[PDB]
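# Sequence and experimental coordinates follow.
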Amino acid sequence: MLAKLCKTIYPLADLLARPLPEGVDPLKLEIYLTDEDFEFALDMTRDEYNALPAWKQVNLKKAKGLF
């Protein structure tokens, strides 16, 4: 568990507007959602936004209501 990092995404719904966990950071939701969640939450990818602008990428988050 220490040597390997288990990347687990939190249910977009449960966090998109529901008593979400803690691993889920509010300041930035795009860091805890996989392409699937990313696709339905931001319509982008962790590897897409990862390179795209920080504001433009955010521009979408607000559009969906994540950030």
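Happy to help now that I have it. Numbering: from 1, shown residues only.

# Contacts for stretch 27-46, please.
Applying C-beta atoms under 8 Å, 6 or more residues apart in numbering, the contact partners of stretch 27-46 are 7, 9-12, 15-16, 23-25, 47-49, 52, 57, 60-61, 64, 66-67. C-beta coordinates here come from the backbone N, C-alpha and C atoms, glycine included.

# Going through those residues, which ones are buried?
Burial by neighbour count, 16 or more other C-beta atoms under 10 Å: within the contacts of stretch 27-46 this picks out 9, 10, 12, 15, 16, 24, 49, 57, 60, 61, 66, 67.

# Narrow those to those in strands?
Among the buried ones among the contacts of stretch 27-46, DSSP state E puts none in strands.

# so can I have CSV of those residues showing distance to residue 40?
Output for the buried ones among the contacts of stretch 27-46, formatted as CSV (distance: C-beta to C-beta, whole Å):
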residue, distance to residue 40
9, 11
10, 13
12, 6
15, 12
16, 9
24, 15
49, 14
57, 16
60, 12
61, 13
66, 11
67, 15
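
# Restricted to helices, list those.
12, 15, 16, 49, 57, 60, 61 (DSSP state H).

# Correct me if wrong: the fifth one contacts residue 49.
What it means is residue 57. Yes: the criterion here is C-beta atoms under 8 Å, and residue 57 meets it with residue 49 at 4.2 Å.

# tell me which of the buried ones among the contacts of stretch 27-46 is nearest to residue 2?
residue 9 (20.7 Å; C-beta to C-beta).

# Excluding sequence neighbours, find me the nearest residue to that closest one.
residue 34 (4.3 Å; C-beta to C-beta, 6 or more residues apart in numbering).
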